[PDB]
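A.B. asks:
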Amino acid sequence: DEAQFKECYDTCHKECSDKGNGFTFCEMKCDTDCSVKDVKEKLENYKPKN
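Residue numbering for the sequence shown is 4 to 53, as defined by the working numbering.
1) Would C37 and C29 be called neighbours here (beta carbons separated by less than 8 Å)?
2) Between which residues of its own chain and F26 is the CB-CB distance below 7 Å, once the five residues before and five after are set aside?
3) So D41 and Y12 are in contact, right, with Cβ under 8 Å, and what is the actual spacing, rounded?
4) Could you tell me the alpha carbon to alpha carbon distance between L46 and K52, rounded to whole angstroms?
5) Provide the residue span of the alpha helix (DSSP H) that contains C15, from first to last.
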């Protein structure tokens, strides 16, 4: 297949440019948007007073 995604990419771009962002950035985003990936959590920590 590929159309099921070409519709998500194209359609995502529609709701994407709505953000008022640029087309290109919307592409590289809409690309990874309608698709999974790998992004390990963002570990954190602090030093709260006693």
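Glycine included, each C-beta is placed from N, C-alpha and C at the ideal position.
C.D. replies: Based on what the coordinates show:
1) The residue you call residue 37 lines up with position 34 of the sequence shown. The residue you call residue 29 lines up with position 26 of the sequence shown. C29 sits away from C37, with the two beta carbons spaced by 8 Å or more.
2) As a first step, residue 26 is located in the sequence shown; it is residue number 23 there, counting from the start. Cβ neighbours of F26 within its own chain (closer than 7 Å, five residues either side excluded): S20.
3) Walking along the sequence shown from the start, residue 41 turns up at place 38. Walking along the sequence shown from the start, residue 12 turns up at place 9. That pair is no contact at about 20 Å.
4) Here residue 46 refers to the residue found at position 43 of the sequence shown. Here residue 52 refers to the residue found at position 49 of the sequence shown. If you take the alpha carbons of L46 and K52, they lie about 20 Å apart.
5) Residue mapping note: residue 15 aligns to position 12 of the sequence shown, counting from 1. Taken as a continuous stretch (DSSP letters only), the alpha helix (DSSP H) holding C15 covers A6 to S20.
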